[PDB]
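What follows is a short report on a single structure.
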Amino acid sequence: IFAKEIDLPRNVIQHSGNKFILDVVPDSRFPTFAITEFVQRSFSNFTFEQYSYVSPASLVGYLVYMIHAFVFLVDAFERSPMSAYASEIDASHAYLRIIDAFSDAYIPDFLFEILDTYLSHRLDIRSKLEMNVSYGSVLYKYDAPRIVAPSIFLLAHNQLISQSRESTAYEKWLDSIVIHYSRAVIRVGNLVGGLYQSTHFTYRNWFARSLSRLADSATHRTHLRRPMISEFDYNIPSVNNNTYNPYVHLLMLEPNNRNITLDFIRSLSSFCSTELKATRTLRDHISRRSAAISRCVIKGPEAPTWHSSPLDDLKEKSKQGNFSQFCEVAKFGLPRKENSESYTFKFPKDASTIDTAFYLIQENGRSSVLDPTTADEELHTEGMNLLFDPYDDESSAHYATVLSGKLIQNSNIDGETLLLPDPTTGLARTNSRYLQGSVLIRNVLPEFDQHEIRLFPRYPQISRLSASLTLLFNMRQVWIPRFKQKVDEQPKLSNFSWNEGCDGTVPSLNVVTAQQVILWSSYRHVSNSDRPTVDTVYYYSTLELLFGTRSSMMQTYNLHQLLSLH
Amino acid sequence: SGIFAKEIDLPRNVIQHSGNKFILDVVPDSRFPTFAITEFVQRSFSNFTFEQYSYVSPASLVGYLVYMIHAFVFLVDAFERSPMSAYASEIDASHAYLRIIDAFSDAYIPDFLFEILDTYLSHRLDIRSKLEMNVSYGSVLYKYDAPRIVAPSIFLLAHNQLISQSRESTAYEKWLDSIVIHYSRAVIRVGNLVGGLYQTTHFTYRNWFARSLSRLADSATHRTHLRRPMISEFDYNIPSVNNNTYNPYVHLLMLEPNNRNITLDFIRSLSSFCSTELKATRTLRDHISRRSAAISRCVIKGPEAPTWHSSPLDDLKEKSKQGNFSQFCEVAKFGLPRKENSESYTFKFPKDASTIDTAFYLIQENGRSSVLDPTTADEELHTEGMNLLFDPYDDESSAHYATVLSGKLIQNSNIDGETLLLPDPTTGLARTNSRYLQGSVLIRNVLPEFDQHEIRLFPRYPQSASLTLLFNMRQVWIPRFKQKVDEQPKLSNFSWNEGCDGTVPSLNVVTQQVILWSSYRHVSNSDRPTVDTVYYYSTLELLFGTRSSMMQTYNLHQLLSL
Amino acid sequence: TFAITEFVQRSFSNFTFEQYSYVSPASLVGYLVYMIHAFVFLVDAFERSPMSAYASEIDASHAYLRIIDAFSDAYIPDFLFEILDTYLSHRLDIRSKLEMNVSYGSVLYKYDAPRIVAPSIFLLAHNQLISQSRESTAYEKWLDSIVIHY
Amino acid sequence: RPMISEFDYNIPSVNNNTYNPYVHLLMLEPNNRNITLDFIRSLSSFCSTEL
Amino acid sequence: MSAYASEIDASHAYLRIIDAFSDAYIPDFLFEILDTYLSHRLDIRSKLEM
Amino acid sequence: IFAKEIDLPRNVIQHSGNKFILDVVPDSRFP
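Residue numbers (the authors' numbering), protein chains in the order written: chain A, 71 to 268, 275 to 590, 601 to 652; chain Z, 69 to 267, 274 to 537, 542 to 589, 601 to 651; chain E, 102 to 251; chain F, 302 to 352; chain W, 152 to 201; chain V, 71 to 101.
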């Protein structure tokens with residue numbers, strides 16, 4: 071009736087938002103686990119006599135290699151613009167020969183079940199928000215054990231051949247140096263979490285129990301039943317913060333490794349083609365597009381499968397260790413430290429000269445009840461996962477989600493605040509609210525540095541009603557009022573939530589504005615096109631500020647409780 | 069379908085729970101449908117026609133069409149909401165008022181009003197398969213919602229004023245004098261609810283709602299019916315309620331025990347007019363069970379000036395004078411400046427300042443003052459503001475034609491942030507999937523609009543922005559330290575609100602400071618609405634997401650302009 | 102209630118039924134106790150001639166029609182009809198105007214309160230099975246739970 | 302293994318003039334109307350699916 | 152409507168004359184003139200009316 | 071080529087003008 075009079079399609083302001091690239095970095099421990107179990111159940115059907123490099127370790131390293139190769143091809147040929155890590159790889163003829171080698175290398179149909187979840191995606195209404203997979207946000211002390219280096223499996227190939235009749239033959243593999251990171255010898259036992267010291277000890281977690289089968293030389297007579305055999309002469313690179321490129325390290329593109337890398341790629345591509353009946357490549361697959369990248373696994377506090385402690389060379393035979401002595405070395409779930417009492421606050425001698433409710437220094441009254449969660453095996457190895465899906469509530473589509481490695485691992489964040497729309501501002505700024513559920517990683521504790529992890533618990537959700545928190549006039553900071561001497565009325569101290577008894581050993585505040603936050607996320611954002619720094623990378627603690635609470639949430643087990651080792 | 073699909077077998081190793089049952093109420097601001105209906109009547113009703121009907125006026129026809137919206141809300145509440153609200157339980161629908169309820173269930177309505185009613189249809193979310201949005205007035209408190217739910221009896225009073233000529237006052241001014249209800253000991257009038265008559275002299279200011287409603291009692295229409303008498307007087311009786319006896323379905327649908335003849339005759343007499351002269355063929359009965367996702371579309375707006383005030387009015391004996399916007403906003407208590415410090419309380423402070431650590435003491439040396447200033451009443455800023463258009467499913471501006479007319483709105487004046495509870499994988503999936511009250515404010519903290527409170531508009535921050547809460551989102555910790563601590567704590571991580579004297583907000587965290606009205610609500614129990622059981626949704630983006638479509642448009646009085 | 106608890110303790114393992122947010126042994130016992138009292142209300146309000154004063158006080162036509170229709174169409178296991186078949190109305194043969202039927206329209210609280218097991222007790226047990234208290238068990242905090250202020 | 306949610310049940314307060322067993326046993330207080338309907342539907346679905 | 156047309160009352164005498172010249176018969180010649188006085192709204196300037 | 075990248079139907083401001091009534095008063099000497 072009033073359609074032509076109001077004429078609202080000709081009387082609106084529309085803006086679809088600014089351009090925003092959302093980076094996805096998969097935790098490669100989970101596809102490595104699936105690939106190792108794939109090779110376990112299929113390798114005896116293969117003929118490897120015409121190959122001097124093919125072993126189970128080499129085949130697992132090839133498939134993990136082709137995952138990282140897919141990531142480089144998406145970041146270099148599909149992301150606009152390409153990341154600063156991929157721009158450092160020169161387009162010279164040697165690099166182009168290796169890129170053409172893994173662009174036409176044959177991949178089995180199993181690995182595309184994982185790789186179809188890494189396809190790019192652009193939202194419908196947010197038509198300038200893009201999700202794509204790239205390692206352009208990767209720092210080594212933040213992401214090193216969650217990104218499985220394929221050079222570990224060449225060393226496992228070297229140990230799988232050796233004619234030794236020792237009991238646990240995978241322990242020389244755990245000694246093998248992978249990289250030098252500026253002053254630091256990082257071994258396989260640092261990245262897989264199977265060898266520590268306090275005398276060397278072996279801890280067999282779910283990742284090392286799976287990978288130890290590839291480097292155990294008790295079955296070396298099966299792998300030596302061939303005319304000609306060779307070993308990988310892998311050269312250990314020395315990098316620092318200024319020269320670390322994850323694509324050069326993961327794709328083995330150092331100048332003293334490019335011939336071995338090329339022979340590795342072509343030998344195992346021919347092996348997959350002739351024996352695994354692999355017919356497909358990555359070249360016709362990096363331009364595909366699907367909404368499966370927005371599915372992720374939400375985890376709580378889990379124990380590491382790594383530690384950053386420096387290991388010496390294994391001279392003797394290693395003993396068997398346990399969970400608690402590993403978590404003391406890995407610095408996970410430590411108790412609350414003791415008050416050293418090095419600083420002293422200035423409390424007045426007369427107590428009637430101040431209003432003591434307005435003075436933040438006690439008379440040594442109440443102590444804190446904040447205690448960290450000590451490392452327990454049932455809590456931190458058997459915790460349940462959540463399956464996130466923004467578009468459909470089907471559990472058959474999370475088969476590839478539990479294998480892929482897209483995850484948000486949240487330990488202590490309980491709330492994220494959304495900026496409410498202002499109808500008086502410009503609509504570009506209103507429709508460009510993209511960094512809402514994100515934390516800048518200046519505040520995020522690194523996992524592969526020598527830091528301590530104390531798990532102060534999230535509040536129990538066993539209340540009777542739902543809770544929320546609303547911020548007035550400014551959400552960017554929480555006000556603490558400072559009063560003048562003569563005020564209008566009595567200030568009521570009922571809205572002040574006190575954190576009684578702080579002594580440097582408990583959290584004093586619970587607000588991170590724009601060391602303290604324990605978070606890893608697959609979903610990231612870099613604020614520029616330069617080298618990723620700690621001031622430019624954001625970890626997304628959730629995607630529900632973007633996709634809503636109307637999205638599907640399903641609860642499941644861990645992958646090692648779902649995929650058995652046989 | 070996967071090498072490991074049979075081994076892992078996710079359909080037997082996942083837990084699935086859609087969440088618990090949760091009903092989200094929708095209370096439409098019926099000023100905007102009234103603004104549409106008045107414009108429909110002023111183009112369909114000439115003063116040179118329709119002279120043979122005794123109860124049909126522009127005023128009575130607008131009142132009928134406003135009545136049928138509230139009738140639709142009652143029918144959806146009483147017959148489709150599971151269970152009905154306490155306000156609909158108090159109606160004797162089975163015996164005493166069955167004739168009236170059947171009268172407006174079979175009353176004929178023009179096809180214009182179903183453009184508004186198609187937006188009020190019930191809706192259940194897809195993945196949230198136990199979250200039901202439906203329209204209901206079972207959350208309505210009078211001092212929160214009275215001027216925003218336009219009472220149909222106002223237009224019955226306008227019809228009654230169009231009959232005779234008073235001493236020295238116009239039909240519009242005598243219509244603004246007309247008492248609507250006696251709420252407690254107060255006398256609520258049309259000039260309170262429409263906002264066209266304030267104060274020992276009386277003044278008149280036609281704001282955008284009163285300027286449209288003025289056409290139902292203007293001088294030409296009043297001169298038509300004095301010089302051509304046909305129209306009869308409704309014998310309507312004025313209700314007298316309080317907090318324990320108020321019911322919006324009694325007041326809006328005229329269901330008092332002494333108004334039962336009047337209401338039935340009104341419904342039947344204007345149903346006959348709409349079926350004869352307005353080609354109406356459709357009723358409400360087949361329409362209350364229909365479902366659509368149109369109820370989730372809304373209009374977000376910032377601080378706007380009220381088209382009401384709650385000051386007591388005396389009887390207008392003289393002729394009123396001309397008023398303006400600033401003098402009306404002083405009476406409506408909108409956009410008041412910063413209050414003066416009365417200095418009625420004095421804190422302690424040491425004569426020797428080097429006995430305490432001043433940076434950890436919340437009382438100054440009378441130093442830096444607060445730079446928080448309220449935004450005062452500006453006509454261009456508070457009447458001509460821009461609106462947003464929320465739609466969580468589509469991206470079409472043609473679909474928002476009906477949501478500007480519907481009145482489904484969120485009017486946020488000072489809230490800048492809402493915190494989402496993140497999912498805990500170690501709790502129950504029912505509790506994780508039942509995060510429904512995120513983005514709600516309990517109305518114990520919300521400033522009432524039709525009580526006689528004062529609205530000072532401290533501004534939101536000018537527009542990334544992010545805030546992360548650790549270990550507990552329910553409260554923001556303020557640390558109180560031991561004397562001997564491990565290391566010196568960092569003072570630079572504190573945000574100080576300096577110079578708080580009781581005239582500026584001391585805190586920004588709400589665990601009445603909140604200035605909010607929302608159409609989207611939730612009631613905790615099946616009882617009468619209290620201030621401790623009603624929530625106002627300041628947003629819907631915790632539920633639907635920032636991937637929802639947001640457009641930007643003008644006010645309805647700038648689209649349907651005069 | 103003693104029969105229903107034994108039916109639930111054999112039909113509900115702690116190793117199963119982990120995807121439901123409101124289902125417990127406690128809540129299931131409370132549901133099955135609720136449906137007995139629901140049957141008594143329906144017989145009183147729709148079959149006793151006339152209904153009792155307690156059933157006259159329920160706004161069955163408008164306000165509580167959704168709830169009454171919810172438990173009239175609620176699904177009940179076949180175990181509970183073994184008890185409900187004994188509660189059916191009966192008129193004597195030669196005493197053709199003496200009607201026996203089930204009704205709570207004679208219930209005084211100080212006479213009949215512990216013998217009519219309130220379903221909200223089991224709702225309180227469900228609520229106590231969620232969190233851990235200071236120094237008391239879930240059973241003892243369930244015994245502390247207030248049912249009503251009479 | 303947290304999945305179970307909390308019923309937000311409100312405790313009734315009656316006397317001799319206001320006691321009704323069909324209100325107390327069937328949870329028909331004005332503030333318990335959401336809780337009762339969700340309880341009945343949520344356990345009817347469980348009995349129809351798993352029992 | 153303009154302020155000049157709003158001053159004409161909708162009483163029965165005025166409505167009788169308005170109904171008289173609303174149903175008065177007009178020859179086909181005068182519609183050749185009156186067809187040029189029809190209203191018009193521009194296409195792109197969709198809120199300019201003549 | 072750059073149609074989906076620029077996406078100019080989703081990156082413009084459009085306004086068709088305000089309401090304006092243009093009155094025509096014929097010189098009746100000619101009819």
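The beta-carbon is built from N, C-alpha and C at its ideal position, and this holds for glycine as well.
- At least 9 Å separates the CB of F/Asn318 from every CB of chain E.
- Contact between Z/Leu329 and Z/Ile222 fails: their C-beta atoms lie close to 17 Å from each other, not under 8 Å.
- Residue contact check for F/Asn332 against chain E: no CB pair falls below 9 Å.
- Out of Z/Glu453, Z/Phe421, Z/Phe434, the CA that lies nearest to the CA of Z/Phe399 is found in Z/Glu453.
- Taking the C-beta atoms as reference points, Z/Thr457 is found no nearer than 9 Å to A/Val82.
- DSSP lists Z/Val94 as the beta-bridge partner residues of Z/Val203.
- Non-local beta-carbon contacts of Z/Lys242 in its own chain, meaning distances under 7 Å to residues more than five positions away in sequence, involve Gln229, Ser234 in chain order.
- Here the C-alpha atom of E/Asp194 lies approximately 12 Å from the C-alpha atom of E/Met201.
- Here DSSP, grouped into helix, strand and coil, assigns Z/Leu483 to strand.
- At least one beta carbon of chain F lies nearer than 9 Å to the beta carbon of A/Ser539.
- Beta bridge pairing from DSSP links Z/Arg558 with A/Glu576.
- Spanning the alpha carbons of A/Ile517 and A/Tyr625 requires a straight line of approximately 7 Å.
- Between the segment 473–489 of chain Z and the segment 552–559 of chain Z, the count of C-beta pairs closer than 8 Å stays below three; the two stretches do not touch.
- Straight through space, the alpha carbons of A/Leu462 and A/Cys372 are spaced by roughly 8 Å.
- Near chain W, meaning a CB-to-CB distance below 7 Å, the residues of the segment 75–89 of chain V are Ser86, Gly87, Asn88, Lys89.
- Think of a sphere of 9 Å around the beta carbon of W/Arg196: the chain V residues whose beta carbon falls inside it are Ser86, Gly87, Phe90, in chain order.
- Interface with chain Z (9 Å Cβ-Cβ cutoff): A/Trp574 is included.
- By the Cβ neighbour-count rule, A/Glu414 is exposed, with fewer than 16 other Cβ atoms within 10 Å of its own.
- Assignment of Z/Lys413 by DSSP, reduced to helix, strand and coil, places it in the coil class.
- For the 9 Å CB-CB criterion, A/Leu547 and Z/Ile374 do not form a contact.
- Here Z/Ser246 really is in contact with Z/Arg257; their C-beta atoms are around 6 Å apart, less than 8 Å.
- For A/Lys375, the uninterrupted beta strand (DSSP E) segment begins and ends at 372–375.
- Cβ contact annotation for E/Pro126 (same chain, cutoff 6 Å, sequence separation greater than five): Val109, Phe113, in chain order.
- In the three-state DSSP reduction, Z/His325 falls in the helix class (H, G or I).
- Under the 9 Å criterion on CB atoms, F/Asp309 is classed as interfacial with respect to chain A.
- Rounded to the nearest angstrom, the Cβ distance from A/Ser471 to Z/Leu78 is 5 Å, consistent with a contact under 8 Å.
- Between A/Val612 and A/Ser345 the beta-carbon gap is near 32 Å, outside 8 Å, which marks them as no contact.
- With 16 or more other Cβ atoms inside 10 Å of its own Cβ, Z/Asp145 counts as buried.
- Within the segment 494–511 of chain Z, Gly502, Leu503, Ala504, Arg505, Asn507, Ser508 place their CB atoms closer than 8 Å to a CB of chain E, listed in sequence order.
- Within a 10 Å sphere around the beta-carbon of V/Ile91 sit fewer than 16 other beta-carbons, which makes this residue exposed.
- Taking 9 Å as the CB threshold, E/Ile168 lines the interface with chain F.
- For Z/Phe108, the closest Cβ of chain W is not nearer than 9 Å.
- E/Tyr205 is a Cβ neighbour of E/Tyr155, given a cutoff of 9 Å.
- Taking a cut-off of 8 Å on C-beta distances, the segment 431–438 of chain A does not touch the segment 375–388 of chain A, as fewer than three cross pairs fall below it.
- Within chain Z, the residues whose beta carbon sits less than 8 Å from that of E/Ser122 are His85, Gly87, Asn88, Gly502, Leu503, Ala504, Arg505, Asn507, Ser508, listed in sequence order.
- Collapsing the DSSP output to three states places F/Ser314 in a strand.
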